[PDB]
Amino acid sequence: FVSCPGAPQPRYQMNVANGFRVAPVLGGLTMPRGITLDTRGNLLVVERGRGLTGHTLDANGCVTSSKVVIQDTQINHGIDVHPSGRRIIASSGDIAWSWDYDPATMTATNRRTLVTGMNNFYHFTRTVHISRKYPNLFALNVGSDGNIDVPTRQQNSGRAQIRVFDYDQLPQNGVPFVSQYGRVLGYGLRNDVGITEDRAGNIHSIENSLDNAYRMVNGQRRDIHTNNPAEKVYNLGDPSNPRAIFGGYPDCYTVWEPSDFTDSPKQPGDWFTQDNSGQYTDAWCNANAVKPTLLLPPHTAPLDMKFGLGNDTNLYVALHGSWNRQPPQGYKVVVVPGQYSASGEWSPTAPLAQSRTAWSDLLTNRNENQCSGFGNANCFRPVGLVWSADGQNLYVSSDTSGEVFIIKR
């Protein structure tokens, strides 16, 4: 395999790990965000500002034709296909809807309003994940309204949190996100755009953390943003038994670089607060917040993740790349090694405190540190991931470059 028939050349230099090949399958798309595959293996793409587009595939996984499945200017990221293959769910910043779906023709009909009132202008993606273990259940993310959204201390803020809804219980015209139907799976989660599940049905989420981090040291503001805080994954567990896991936000953040913490020694994965005073101190975080399972580098901006299939026991993560770091970093797909229990529960191989070095590059730009976005510096910016059912092809969207790629074993 070298390339897909009729597909455009990649816009940018793309390097891949040993044993893989990469090629574009789609170009010139309008802000392609979330992607998935239906039950007949067709590719579905949210083209933010256009709608859901549907793409038939050949035996190599190349795209042969495209059509508009949902003509809608408001759906802006989230998309999933029910395990039955006969329903899809997609969202704007404000509302999640379902449609009846027929994979034979990639046709969406009979729109139904599910969940309402979610809009904010700061973090406006509403990631959708339908539980594969419990197919009547679906999760929705609502990120914070602001870098440090203090009201998110309360669950009933309806922000920086993921709720699980039972489709079969929803009134016909839908429900507010903050309602008894939206059961809090995790809160204190700044912006958890990437959501997936392991083979046991546990929900794992991945977080975009704090911008412009500082640490108060003897009353002076130390700028620690270059290498703090960590991006991170949470294991939110069984979505049929939601328990409102507290992830720490808006007060507690996760150490990436310990050398930024001179007042008292820290390890990667430890909690810190910006001020370390009043009620919400470092010690308070230790006693009250649930730790993530693994770390990824500051500002890398994970937007999706997917587990490998079959005998591939890795987690794959799309890192959109930073704006709040000099030099920039991310702009890649990475691999995190792990293992499964007998029941299919995934865990990373590295202990949390050793996880800074545990990931590795799968798909990269020429040099992530060269990706400023001014002049000729431009890079592909991974957003969405999906594996083919045979585990041989991994699709990757890049919103700002208008591309979808296939990574082939």
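When you see a residue number, it is the position in the sequence shown, counting from 1.
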227-235 or 243-251, whichever carries the higher mean Cα B-factor: 243-251
Of 289-297 and 214-222, the stretch whose C-alpha atoms average the higher B-factor in the entry: 214-222
Top Cα B factor in the deposited entry, candidates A377, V63, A358, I35: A377
Of the residues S92, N141, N276, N324, the one carrying the largest Cα B-factor as recorded: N276
Third of chain Cα B-factors occupied by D192: lowest
Third of the chain, ranked by Cα B-factor, where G182 sits: middle
Relative C-alpha B-factor of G27, binned into the chain's lowest, middle or highest third: lowest
Entry-reported Cα temperature factor of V2, expressed as the chain third it lands in: highest
Chain-wide C-alpha B factor ranking for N147, given as lowest, middle or highest third: middle
